């Protein structure tokens, strides 16, 4: 058995909320039709902007990419390189304030993924979407899918209502660990405060670049609050959030931990080490690490060659493509870790 090439972040796009009806109870299905079916399509990848879909993508009757398994599989697997792909559906159930409806639609969304995606091609896996406004309901949604091994990780958004290390959110980490599932943070958010500590970014471009700041906050919260000692099998995947910001954050957080360790005495290993050992990052976007020598440089600055895992971020369009990362390194060994070995730690998927 050889570790498989896993595309660690691809997207399924819900056509409309009507696609959820076959998976909702009659109360919720009737409600949704009576409400005129407002769509929680997010603005994280605005559907008309250059990032939403690359030009070479298969599209449905309305011009939209990645709304059917048939279109995604046709594109993602065309060139024979990829063995499996991890599907994340970003349909904005986490922005549903009504907590019952958040629960119902998250559940329906996972049903939709299972029946119309995972059932349709055995090369697909998926994250579990959870109603993260009720952490205890989020744990129950992890549990509900924990027997279906095609669901391989738990989806959380980069910007939450409360930091993910707060005890309030411990049921999510505990259920994820108990089910043997890594937790992924994906760009996006619940927008229950300003997306930055200094207010509301005025453009999508400003917002998209700046969400790395929130991932520093989440990682510092998760580690300082003790998640990695309390739930020591935790694995965290950062999906589509960059990674070049990680070293300067790791260094500062290590520096200050040497002074403040008695404030968090359960953290007896450096963050540096804890991050290298517990955190993985997808490679799309590469944020310039694809330029000559820059992937070797960032791996050196990370101090680990185990963190980068391959993704295409299909169908999204980035300045460099899924395998342009090869331009940034001279090491076949590193490329083998990024393309298959690193992800084996997350999913244990063999060819």
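Residue numbers count along the first chain shown, from 1.
A.B. asks: Mean CA B-factor: is it higher for 70 to 78 or for 219 to 227?
C.D. replies: Averaged over C-alpha atoms, the B-factors run higher in 70 to 78.
A.B. asks: Identify the stretch, either 276 to 284 or 208 to 216, whose C-alpha atoms have the larger mean B-factor according to the entry.
C.D. replies: 276 to 284 has the higher mean C-alpha B-factor.
A.B. asks: By the entry's C-alpha temperature factors, tell me which of 166, 261, 120, 186 sits highest.
C.D. replies: Spelled out: the listed residue with the top C-alpha B-factor is 120.
A.B. asks: Tell me which of 139, 128, 109, 198 tops the list for C-alpha B factor in the record.
C.D. replies: Spelled out: the listed residue with the top C-alpha B-factor is 139.
A.B. asks: Ranking every modelled residue in this chain by its Cα temperature factor as given in the entry, which third contains residue 95?
C.D. replies: Lowest third.
A.B. asks: Hey, what third does residue 192 fall into on Cα B-factor, ranked over its chain?
C.D. replies: Tercile = lowest for this residue's CA B-factor.
A.B. asks: Among the modelled residues of this chain, does the Cα B factor of residue 55 put it in the lowest, middle or highest third?
C.D. replies: Top third by C-alpha B-factor.
A.B. asks: When the modelled residues of the chain are sorted by Cα temperature factor, does residue 44 land in the lowest, middle or highest third?
C.D. replies: For residue 44, whose C-alpha B-factor we compare with every modelled residue in the chain, the answer is the lowest third.
A.B. asks: Going by the recorded CA B-factors, say which third of the chain residue 174 sits in, lowest, middle or highest.
C.D. replies: Highest third of the chain for residue 174's C-alpha B-factor.
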